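Trainee: Sending over coords-v6.tsv (TSV, C-alpha atoms and all ligand atoms).
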chain	number	residue	atom	x	y	z
A	1	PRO	CA	3.24	25.68	0.48
A	2	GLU	CA	0.48	26.92	-1.84
A	3	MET	CA	-2.84	27.72	-0.13
A	4	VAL	CA	-6.32	27.26	-1.57
A	5	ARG	CA	-9.37	28.71	0.22
A	6	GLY	CA	-7.30	28.89	3.41
A	7	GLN	CA	-6.29	25.21	3.08
A	8	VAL	CA	-2.66	24.05	2.82
A	9	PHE	CA	-1.94	22.12	-0.40
A	10	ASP	CA	1.58	20.94	0.26
A	11	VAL	CA	2.35	19.53	-3.19
A	12	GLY	CA	5.21	21.68	-4.49
A	13	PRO	CA	7.61	22.01	-6.10
A	14	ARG	CA	6.47	19.40	-8.63
A	15	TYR	CA	2.83	20.53	-8.67
A	16	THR	CA	1.96	24.24	-8.86
A	17	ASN	CA	-0.73	26.68	-10.00
A	18	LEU	CA	-3.48	25.11	-7.91
A	19	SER	CA	-7.13	26.05	-8.54
A	20	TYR	CA	-10.09	24.87	-6.49
A	21	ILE	CA	-12.46	22.55	-8.38
A	22	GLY	CA	-14.69	21.12	-5.81
A	23	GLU	CA	-15.03	18.84	-2.91
A	24	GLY	CA	-16.83	15.89	-1.50
A	25	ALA	CA	-17.56	14.88	2.04
A	26	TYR	CA	-13.91	13.89	2.55
A	27	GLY	CA	-11.64	15.41	-0.11
A	28	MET	CA	-10.94	18.90	-1.46
A	29	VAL	CA	-9.98	18.71	-5.12
A	30	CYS	CA	-7.83	21.17	-7.11
A	31	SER	CA	-6.50	21.34	-10.63
A	32	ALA	CA	-2.73	21.78	-10.82
A	33	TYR	CA	0.18	21.81	-13.24
A	34	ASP	CA	2.72	18.96	-13.12
A	35	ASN	CA	6.00	20.74	-13.94
A	36	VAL	CA	7.85	17.42	-14.31
A	37	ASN	CA	5.64	15.79	-16.91
A	38	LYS	CA	4.34	19.13	-18.29
A	39	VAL	CA	0.67	18.20	-17.99
A	40	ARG	CA	-2.49	19.28	-16.15
A	41	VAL	CA	-3.65	17.12	-13.21
A	42	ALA	CA	-6.23	16.97	-10.45
A	43	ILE	CA	-5.17	16.62	-6.80
A	44	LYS	CA	-7.47	15.40	-4.00
A	45	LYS	CA	-6.39	16.24	-0.45
A	46	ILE	CA	-7.80	13.97	2.27
A	47	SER	CA	-7.08	14.04	6.03
A	48	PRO	CA	-8.33	10.65	7.26
A	49	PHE	CA	-6.21	9.56	10.19
A	50	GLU	CA	-8.47	10.55	13.09
A	51	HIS	CA	-11.29	8.31	11.81
A	52	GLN	CA	-11.19	4.56	11.31
A	53	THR	CA	-13.85	4.69	8.58
A	54	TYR	CA	-12.04	7.46	6.71
A	55	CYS	CA	-8.82	5.46	6.84
A	56	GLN	CA	-10.76	2.54	5.34
A	57	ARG	CA	-11.95	4.77	2.49
A	58	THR	CA	-8.48	6.06	1.73
A	59	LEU	CA	-6.81	2.64	1.76
A	60	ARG	CA	-9.52	1.00	-0.39
A	61	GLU	CA	-9.49	3.78	-2.99
A	62	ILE	CA	-5.70	3.75	-3.30
A	63	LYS	CA	-5.36	-0.05	-3.49
A	64	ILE	CA	-8.16	-0.51	-6.01
A	65	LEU	CA	-7.41	2.40	-8.32
A	66	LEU	CA	-3.72	1.50	-8.50
A	67	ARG	CA	-4.66	-2.01	-9.68
A	68	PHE	CA	-7.29	-0.96	-12.23
A	69	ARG	CA	-6.42	0.30	-15.72
A	70	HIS	CA	-9.41	1.22	-17.92
A	71	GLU	CA	-10.48	4.17	-20.12
A	72	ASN	CA	-13.69	4.70	-18.14
A	73	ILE	CA	-12.10	4.53	-14.66
A	74	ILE	CA	-10.01	7.36	-13.20
A	75	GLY	CA	-6.35	6.48	-12.70
A	76	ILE	CA	-4.01	7.46	-9.87
A	77	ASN	CA	-0.87	9.13	-11.26
A	78	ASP	CA	0.98	9.97	-8.00
A	79	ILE	CA	0.46	10.09	-4.24
A	80	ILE	CA	2.10	12.68	-2.00
A	81	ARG	CA	2.51	12.26	1.76
A	82	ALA	CA	5.15	13.03	4.42
A	83	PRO	CA	8.42	11.06	4.62
A	84	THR	CA	7.72	9.76	8.15
A	85	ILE	CA	4.56	8.23	9.51
A	86	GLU	CA	4.46	10.68	12.43
A	87	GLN	CA	4.51	13.68	10.09
A	88	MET	CA	1.83	12.22	7.81
A	89	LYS	CA	-1.49	13.97	8.41
A	90	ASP	CA	-2.75	14.54	4.86
A	91	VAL	CA	-2.64	12.45	1.71
A	92	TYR	CA	-2.71	13.98	-1.76
A	93	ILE	CA	-3.98	11.74	-4.58
A	94	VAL	CA	-2.93	13.00	-8.03
A	95	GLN	CA	-5.19	11.96	-10.93
A	96	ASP	CA	-5.79	12.87	-14.52
A	97	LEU	CA	-7.69	16.16	-14.73
A	98	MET	CA	-11.32	15.96	-15.74
A	99	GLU	CA	-13.47	19.02	-16.49
A	100	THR	CA	-16.68	18.43	-14.54
A	101	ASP	CA	-18.95	15.74	-13.20
A	102	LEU	CA	-22.45	14.63	-14.17
A	103	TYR	CA	-24.01	16.18	-11.04
A	104	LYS	CA	-22.70	19.61	-12.10
A	105	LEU	CA	-23.61	19.03	-15.76
A	106	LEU	CA	-27.24	18.17	-15.08
A	107	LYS	CA	-27.71	21.37	-13.08
A	108	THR	CA	-27.03	23.48	-16.20
A	109	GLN	CA	-28.14	21.50	-19.24
A	110	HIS	CA	-30.65	19.01	-20.53
A	111	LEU	CA	-29.19	16.02	-22.35
A	112	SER	CA	-30.41	14.76	-25.70
A	113	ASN	CA	-31.22	11.08	-26.03
A	114	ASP	CA	-27.97	10.63	-27.99
A	115	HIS	CA	-26.04	12.19	-25.10
A	116	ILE	CA	-27.82	10.00	-22.51
A	117	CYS	CA	-27.18	6.88	-24.57
A	118	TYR	CA	-23.46	7.63	-24.92
A	119	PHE	CA	-22.97	8.46	-21.24
A	120	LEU	CA	-24.86	5.32	-20.15
A	121	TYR	CA	-22.72	3.22	-22.50
A	122	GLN	CA	-19.50	4.57	-20.95
A	123	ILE	CA	-20.79	4.04	-17.41
A	124	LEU	CA	-21.65	0.41	-18.16
A	125	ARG	CA	-18.37	-0.12	-20.03
A	126	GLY	CA	-16.43	0.99	-16.94
A	127	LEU	CA	-18.73	-1.02	-14.68
A	128	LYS	CA	-18.19	-4.13	-16.85
A	129	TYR	CA	-14.46	-3.92	-16.00
A	130	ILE	CA	-15.06	-3.25	-12.29
A	131	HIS	CA	-17.39	-6.22	-12.03
A	132	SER	CA	-15.07	-8.45	-14.08
A	133	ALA	CA	-12.50	-7.89	-11.28
A	134	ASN	CA	-15.18	-9.07	-8.79
A	135	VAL	CA	-15.33	-5.58	-7.23
A	136	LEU	CA	-18.45	-3.70	-6.10
A	137	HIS	CA	-18.21	0.11	-6.38
A	138	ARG	CA	-21.18	0.51	-3.93
A	139	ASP	CA	-21.50	4.32	-4.27
A	140	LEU	CA	-22.20	5.24	-7.90
A	141	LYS	CA	-23.87	8.65	-8.25
A	142	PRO	CA	-23.78	11.59	-10.68
A	143	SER	CA	-21.07	13.40	-8.72
A	144	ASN	CA	-18.51	10.63	-9.14
A	145	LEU	CA	-19.03	10.30	-12.89
A	146	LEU	CA	-16.33	12.62	-14.28
A	147	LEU	CA	-16.40	14.15	-17.78
A	148	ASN	CA	-13.75	15.86	-19.87
A	149	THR	CA	-13.78	18.26	-22.81
A	150	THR	CA	-13.93	15.39	-25.32
A	151	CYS	CA	-16.98	14.00	-23.42
A	152	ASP	CA	-15.12	10.92	-22.13
A	153	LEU	CA	-16.63	9.58	-18.88
A	154	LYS	CA	-14.62	8.10	-16.00
A	155	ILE	CA	-15.88	6.60	-12.76
A	156	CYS	CA	-14.10	7.83	-9.60
A	157	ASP	CA	-14.53	7.78	-5.80
A	158	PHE	CA	-13.77	4.15	-4.87
A	159	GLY	CA	-13.53	4.57	-1.06
A	160	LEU	CA	-16.60	2.35	-0.46
A	161	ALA	CA	-15.58	-0.36	-2.90
A	162	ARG	CA	-15.38	-4.00	-1.78
A	163	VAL	CA	-14.73	-7.41	-3.26
A	164	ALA	CA	-18.03	-9.07	-4.16
A	165	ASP	CA	-18.60	-11.98	-1.79
A	166	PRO	CA	-22.26	-12.21	-0.66
A	167	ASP	CA	-21.92	-15.62	1.00
A	168	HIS	CA	-18.85	-14.76	3.10
A	169	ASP	CA	-19.10	-10.99	3.72
A	170	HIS	CA	-20.00	-10.24	7.35
A	171	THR	CA	-19.15	-6.53	7.09
A	172	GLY	CA	-22.69	-5.39	7.89
A	173	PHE	CA	-24.37	-2.13	6.96
A	174	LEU	CA	-22.59	0.69	5.14
A	175	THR	CA	-20.58	2.91	7.48
A	176	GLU	CA	-20.84	5.96	5.20
A	177	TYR	CA	-22.79	8.65	7.02
A	178	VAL	CA	-22.55	11.91	5.04
A	179	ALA	CA	-23.12	11.23	1.38
A	180	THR	CA	-26.32	10.79	-0.54
A	181	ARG	CA	-28.60	7.72	-0.24
A	182	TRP	CA	-30.73	8.55	-3.32
A	183	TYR	CA	-28.86	5.92	-5.40
A	184	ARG	CA	-28.75	3.02	-2.88
A	185	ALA	CA	-30.44	-0.26	-3.78
A	186	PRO	CA	-33.37	-1.26	-1.55
A	187	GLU	CA	-31.44	-4.29	-0.24
A	188	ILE	CA	-28.62	-2.00	0.99
A	189	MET	CA	-31.09	-0.14	3.17
A	190	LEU	CA	-32.96	-3.30	4.29
A	191	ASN	CA	-30.31	-6.07	4.66
A	192	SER	CA	-26.92	-6.02	6.38
A	193	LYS	CA	-25.45	-8.86	4.29
A	194	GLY	CA	-25.54	-10.51	0.89
A	195	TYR	CA	-24.77	-7.53	-1.36
A	196	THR	CA	-24.09	-8.48	-4.98
A	197	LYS	CA	-23.07	-6.73	-8.21
A	198	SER	CA	-26.78	-5.89	-8.58
A	199	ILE	CA	-26.39	-3.03	-6.11
A	200	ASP	CA	-24.33	-1.14	-8.70
A	201	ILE	CA	-26.88	-1.79	-11.49
A	202	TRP	CA	-29.55	-0.23	-9.27
A	203	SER	CA	-27.39	2.87	-8.89
A	204	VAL	CA	-26.89	3.11	-12.65
A	205	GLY	CA	-30.66	2.84	-13.16
A	206	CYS	CA	-31.16	5.79	-10.80
A	207	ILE	CA	-28.56	7.74	-12.80
A	208	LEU	CA	-30.33	6.91	-16.08
A	209	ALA	CA	-33.65	8.12	-14.67
A	210	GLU	CA	-31.96	11.36	-13.62
A	211	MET	CA	-30.42	11.91	-17.06
A	212	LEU	CA	-33.90	11.52	-18.60
A	213	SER	CA	-35.50	14.30	-16.52
A	214	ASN	CA	-32.64	16.25	-14.82
A	215	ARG	CA	-34.26	15.37	-11.45
A	216	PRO	CA	-33.34	12.51	-9.08
A	217	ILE	CA	-35.92	9.75	-9.24
A	218	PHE	CA	-35.92	8.77	-5.52
A	219	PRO	CA	-34.98	11.91	-3.50
A	220	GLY	CA	-35.77	10.66	-0.01
A	221	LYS	CA	-35.40	13.01	2.95
A	222	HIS	CA	-34.52	10.26	5.48
A	223	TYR	CA	-34.36	6.48	5.83
A	224	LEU	CA	-38.03	5.46	5.78
A	225	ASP	CA	-38.91	8.24	3.32
A	226	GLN	CA	-36.32	6.82	0.90
A	227	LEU	CA	-38.12	3.47	1.01
A	228	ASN	CA	-41.48	5.11	0.46
A	229	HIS	CA	-40.09	6.92	-2.62
A	230	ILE	CA	-38.98	3.63	-4.15
A	231	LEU	CA	-42.22	1.80	-3.32
A	232	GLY	CA	-44.31	4.74	-4.52
A	233	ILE	CA	-43.02	4.19	-8.07
A	234	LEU	CA	-42.34	0.44	-8.21
A	235	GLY	CA	-45.51	-0.32	-6.25
A	236	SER	CA	-45.72	-2.67	-3.29
A	237	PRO	CA	-43.23	-5.56	-3.58
A	238	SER	CA	-44.62	-8.91	-4.66
A	239	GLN	CA	-44.56	-12.02	-2.49
A	240	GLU	CA	-41.45	-13.23	-4.32
A	241	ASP	CA	-39.90	-9.76	-3.95
A	242	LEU	CA	-40.41	-9.96	-0.18
A	243	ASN	CA	-38.28	-13.13	0.14
A	244	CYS	CA	-35.12	-11.24	-0.88
A	245	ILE	CA	-35.39	-9.36	2.42
A	246	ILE	CA	-33.57	-11.67	4.83
A	247	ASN	CA	-34.20	-9.45	7.87
A	248	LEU	CA	-37.67	-10.67	8.87
A	249	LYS	CA	-38.01	-7.42	10.81
A	250	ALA	CA	-37.52	-5.34	7.67
A	251	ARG	CA	-39.75	-7.70	5.67
A	252	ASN	CA	-42.53	-7.48	8.26
A	253	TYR	CA	-42.09	-3.72	8.17
A	254	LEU	CA	-42.63	-3.75	4.40
A	255	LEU	CA	-45.67	-6.03	4.82
A	256	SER	CA	-47.12	-3.48	7.24
A	257	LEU	CA	-47.12	-0.58	4.76
A	258	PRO	CA	-50.26	0.41	2.82
A	259	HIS	CA	-50.62	-0.98	-0.68
A	260	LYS	CA	-49.06	1.11	-3.49
A	261	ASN	CA	-49.68	0.73	-7.22
A	262	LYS	CA	-46.89	0.73	-9.77
A	263	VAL	CA	-46.38	3.93	-11.74
A	264	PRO	CA	-45.71	3.22	-15.44
A	265	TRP	CA	-42.36	4.52	-16.59
A	266	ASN	CA	-44.01	6.45	-19.43
A	267	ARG	CA	-46.04	8.49	-16.97
A	268	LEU	CA	-42.77	9.61	-15.34
A	269	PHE	CA	-40.91	9.96	-18.66
A	270	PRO	CA	-43.59	10.55	-21.35
A	271	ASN	CA	-41.19	11.81	-23.99
A	272	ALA	CA	-38.34	9.36	-23.38
A	273	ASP	CA	-37.15	6.72	-25.83
A	274	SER	CA	-39.11	3.51	-25.17
A	275	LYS	CA	-35.90	1.48	-25.42
A	276	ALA	CA	-34.39	3.62	-22.69
A	277	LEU	CA	-37.42	2.99	-20.50
A	278	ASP	CA	-37.25	-0.76	-21.14
A	279	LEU	CA	-33.64	-0.88	-19.95
A	280	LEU	CA	-34.50	1.38	-17.00
A	281	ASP	CA	-37.28	-0.99	-15.98
A	282	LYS	CA	-34.81	-3.91	-15.90
A	283	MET	CA	-32.24	-1.95	-13.89
A	284	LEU	CA	-34.71	-0.67	-11.25
A	285	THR	CA	-36.17	-4.02	-10.22
A	286	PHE	CA	-36.75	-4.44	-6.50
A	287	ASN	CA	-35.51	-8.07	-6.49
A	288	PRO	CA	-31.70	-8.05	-6.98
A	289	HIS	CA	-31.69	-11.59	-8.37
A	290	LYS	CA	-34.01	-10.38	-11.17
A	291	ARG	CA	-32.08	-7.21	-11.93
A	292	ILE	CA	-30.27	-7.02	-15.28
A	293	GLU	CA	-26.51	-7.74	-15.18
A	294	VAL	CA	-23.88	-5.42	-16.67
A	295	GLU	CA	-23.13	-7.49	-19.79
A	296	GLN	CA	-26.86	-7.96	-20.46
A	297	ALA	CA	-27.35	-4.21	-20.07
A	298	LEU	CA	-24.61	-3.45	-22.60
A	299	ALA	CA	-26.28	-5.88	-25.04
A	300	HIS	CA	-29.70	-4.17	-24.60
A	301	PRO	CA	-31.20	-2.64	-27.79
A	302	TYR	CA	-30.93	0.87	-26.28
A	303	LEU	CA	-27.13	0.65	-26.55
A	304	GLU	CA	-27.03	-1.02	-29.99
A	305	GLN	CA	-24.99	1.68	-31.71
A	306	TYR	CA	-22.13	1.30	-29.15
A	307	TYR	CA	-22.09	-2.30	-27.90
A	308	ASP	CA	-18.82	-3.99	-28.88
A	309	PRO	CA	-17.38	-6.80	-26.73
A	310	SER	CA	-14.21	-6.70	-28.85
A	311	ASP	CA	-13.64	-3.19	-27.40
A	312	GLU	CA	-14.92	-3.63	-23.82
A	313	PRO	CA	-11.92	-4.83	-21.81
A	314	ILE	CA	-12.09	-6.90	-18.66
A	315	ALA	CA	-9.69	-7.43	-15.79
A	316	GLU	CA	-7.14	-10.23	-16.11
A	317	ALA	CA	-7.96	-11.65	-12.66
A	318	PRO	CA	-10.31	-10.86	-9.75
A	319	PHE	CA	-9.07	-8.21	-7.33
A	320	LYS	CA	-8.23	-9.26	-3.76
A	321	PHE	CA	-7.44	-7.06	-0.75
A	322	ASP	CA	-5.04	-9.59	0.91
A	323	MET	CA	-6.70	-8.76	4.29
A	324	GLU	CA	-9.96	-7.66	5.91
A	325	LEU	CA	-9.79	-4.07	7.12
A	326	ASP	CA	-13.10	-3.47	8.90
A	327	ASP	CA	-11.80	-4.50	12.33
A	328	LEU	CA	-8.31	-2.92	12.13
A	329	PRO	CA	-7.75	0.14	14.36
A	330	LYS	CA	-7.05	3.43	12.64
A	331	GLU	CA	-3.42	3.38	13.82
A	332	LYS	CA	-2.93	0.08	11.96
A	333	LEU	CA	-4.72	1.45	8.90
A	334	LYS	CA	-2.37	4.44	8.98
A	335	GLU	CA	0.60	2.05	8.78
A	336	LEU	CA	-0.98	0.26	5.80
A	337	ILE	CA	-1.59	3.57	4.03
A	338	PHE	CA	2.02	4.61	4.67
A	339	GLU	CA	3.15	1.25	3.22
A	340	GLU	CA	0.81	1.38	0.20
A	341	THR	CA	2.10	4.86	-0.75
A	342	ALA	CA	5.83	4.20	-0.30
A	343	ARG	CA	6.11	3.19	-3.99
A	344	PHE	CA	5.68	6.92	-4.86
A	345	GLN	CA	8.58	7.90	-2.52
A	346	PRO	CA	12.19	8.21	-3.62
A	347	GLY	CA	14.28	5.19	-2.59
A	348	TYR	CA	11.43	2.67	-2.21
B	401	LIG	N1	-9.82	13.66	-11.20
B	401	LIG	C1	-10.71	14.64	-11.04
B	401	LIG	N2	-10.79	15.60	-11.98
B	401	LIG	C2	-11.69	16.57	-11.84
B	401	LIG	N3	-12.60	16.73	-10.87
B	401	LIG	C3	-12.48	15.77	-9.94
B	401	LIG	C4	-11.62	14.69	-9.97
B	401	LIG	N4	-11.79	13.89	-8.84
B	401	LIG	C5	-12.77	14.48	-8.19
B	401	LIG	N5	-13.25	15.61	-8.80
B	401	LIG	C6	-14.28	16.48	-8.30
B	401	LIG	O1	-14.17	16.47	-6.88
B	401	LIG	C7	-15.38	15.98	-6.29
B	401	LIG	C8	-15.05	15.20	-5.03
B	401	LIG	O2	-14.35	13.98	-5.40
B	401	LIG	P1	-14.56	12.55	-4.64
B	401	LIG	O3	-13.47	11.65	-5.10
B	401	LIG	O4	-15.98	12.12	-4.88
B	401	LIG	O5	-14.29	13.03	-3.12
B	401	LIG	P2	-14.64	12.34	-1.69
B	401	LIG	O6	-14.82	13.50	-0.70
B	401	LIG	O7	-13.43	11.51	-1.37
B	401	LIG	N6	-15.96	11.26	-1.67
B	401	LIG	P3	-17.54	11.81	-1.86
B	401	LIG	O8	-18.14	12.56	-0.61
B	401	LIG	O9	-18.27	10.53	-2.23
B	401	LIG	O10	-17.60	12.84	-3.11
B	401	LIG	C9	-16.06	15.19	-7.40
B	401	LIG	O11	-17.47	15.02	-7.17
B	401	LIG	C10	-15.68	15.99	-8.66
B	401	LIG	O12	-16.48	17.13	-8.88
B	402	LIG	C1	-20.25	15.88	-24.29
B	402	LIG	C2	-20.41	17.15	-23.46
B	402	LIG	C3	-19.57	17.05	-22.22
B	402	LIG	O1	-19.28	15.97	-21.76
B	402	LIG	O2	-19.12	18.26	-21.56
B	402	LIG	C4	-17.90	18.31	-20.82
B	402	LIG	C5	-17.92	19.61	-20.05
B	402	LIG	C6	-19.14	20.19	-19.70
B	402	LIG	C7	-19.18	21.38	-18.99
B	402	LIG	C8	-17.98	22.00	-18.63
B	402	LIG	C9	-16.77	21.43	-18.98
B	402	LIG	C10	-16.73	20.23	-19.69
B	402	LIG	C11	-21.85	17.37	-23.09
B	402	LIG	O3	-22.15	17.66	-21.95
B	402	LIG	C12	-22.91	17.25	-24.15
B	402	LIG	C13	-22.72	15.90	-24.82
B	402	LIG	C14	-21.31	15.73	-25.38
B	402	LIG	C15	-21.24	14.34	-25.98
B	402	LIG	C16	-21.07	16.74	-26.49
B	402	LIG	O4	-20.56	17.83	-26.31
B	402	LIG	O5	-21.45	16.40	-27.85
B	402	LIG	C17	-21.61	17.45	-28.81
Could you render the structure from this file as structure tokens?

Mentor:
Amino acid sequence: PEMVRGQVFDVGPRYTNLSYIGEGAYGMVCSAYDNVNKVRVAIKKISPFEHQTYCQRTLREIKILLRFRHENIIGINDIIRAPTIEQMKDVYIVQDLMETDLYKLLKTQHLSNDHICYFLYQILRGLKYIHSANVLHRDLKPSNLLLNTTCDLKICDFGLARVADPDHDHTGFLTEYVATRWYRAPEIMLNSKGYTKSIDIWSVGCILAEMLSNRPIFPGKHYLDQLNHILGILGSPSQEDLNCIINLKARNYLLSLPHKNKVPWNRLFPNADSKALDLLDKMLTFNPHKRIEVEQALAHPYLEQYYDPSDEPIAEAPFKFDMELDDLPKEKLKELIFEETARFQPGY
């Protein structure tokens, strides 16, 4: 099997000429050539089976991405794994090949307002579809916004996604422990229940702020410091803001902090388009019930030159998992992953 940086990529003979792209906390990603379809692809290797939470990520990403079909969402082309469950230790997810991601892009170039506007449009267009399927992405960040040579944008990295169900979701706090928290809505860090589509709009607002200055807006060093970063710009929450915090402990914590004044957006972004700052303001609102929704964001004057509901597709029906996975042991999740990937095996 071909080796990349001392790592086995057992994807031949169909896929060859592997080249390292990058990696996340869980997957190593290579470009490759598909000799069957005569096209370039990306391949993500993950090795999840010793960790329940990693198994959850892998099963969610596979199930959701195979059901979604949208220009601004990465598709799964193929999945490689061993022919028996006992031999299966790695999973290779084959996707269309993108050229870079927005994290990498922002480290080497400043974006013009036209570029920012177009990228934000594509993010919200993809998000409109995700939310129309009643799915929460829950982990949007610059590194999982992929870009290609023609400057098309696709959202990837769905291992934290969940069906939106604030009234009946007793999953609790996020069980993701490695990746960044700079884009997490304040209610994600304060409450263990009741997450809505507004958590993704918060993330997009953080991404917009970062496109405007090439610096993350809330780069907290740890849990309480993240909160202080948010409050140091939005100012102390109002009385109505405080009611969204269901955990009276967390709310009394916030009440105990020293008062902080709001920082006007045009002090942070003095040269930015005022329409961009107006939309940003509506995306980064502490109260999730007051935060702008994805269709309202698309219809905002900042995006006027792109907004077109005739060309912004939605899902036919809301996505459903057919089972709750949070309490299944990893050995059961391994069976479900084996079953979910059998459709890519000969003789299914
Ligand atoms: N289809 C793709 N084409 C090109 N680059 C890709 C593609 N998928 C992923 N990448 C790159 O690989 C990186 C890791 O992918 P990702 O799916 O986020 O991995 P992960 O380890 O499963 N989760 P995370 O820790 O959140 O990044 C991305 O941030 C991109 O730079
Ligand atoms: C698109 C362009 C882009 O998306 O680049 C893709 C890429 C960057 C780096 C390495 C490999 C691929 C930009 O980043 C600038 C804005 C776009 C719209 C452009 O090029 O317009 C002229």

Trainee: Using only C-alpha atoms and all ligand atoms, which residues have at least one atom no more than 9 Å from ligand LIG 401 (chain B)? Output them as an NGL selection string.

Mentor: :A and (21-31 or 41-46 or 57-58 or 61 or 74-76 or 94-104 or 139-148 or 154 or 156-160 or 178-180)

Trainee: Could you tell me how far CA of residue 69 in chain A sits from CA of residue 315 in chain A, in Å to one decimal place?

Mentor: 8.4 Å

Trainee: Would you compute, for all listed atoms of range 218-222 of chain A, the axis-aligned bounding box grown by 5 Å on each side, and then report its centre and edge lengths in Å rounded to one decimal, as JSON?

Mentor:
{"center_x": -35.2, "center_y": 10.9, "center_z": 0.0, "size_x": 11.4, "size_y": 14.2, "size_z": 21.0}

Trainee: Separation of CA of residue 162 in chain A and CA of residue 126 in chain A, in Å?

Mentor: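 Calculated distance between CA of residue 162 in chain A and CA of residue 126 in chain A is 16.0 Å.
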
Trainee: A:33, A:283, A:50, A:7: which is nearest residue 333 in chain A, counting only C-alpha atoms?

Mentor: A:50

Trainee: So what do you get for CA of residue 151 in chain A versus atom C11 of ligand LIG 402 (chain B), distance-wise?

Mentor: 5.9 Å

Trainee: Considering all atoms listed in the file, state which residue in the set A:149, A:84, A:16, A:56 is at the smallest distance from ligand LIG 402 (chain B).

Mentor: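 Among the listed residues, A:149 lies closest to ligand LIG 402 (chain B).
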
Trainee: Restricting the calculation to only C-alpha atoms and all ligand atoms: of A:72, A:121, A:150, A:82, which residue gets closest to ligand LIG 402 (chain B)?

Mentor: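 Of A:72, A:121, A:150, A:82, the one nearest ligand LIG 402 (chain B), counting only C-alpha atoms and all ligand atoms, is A:150.
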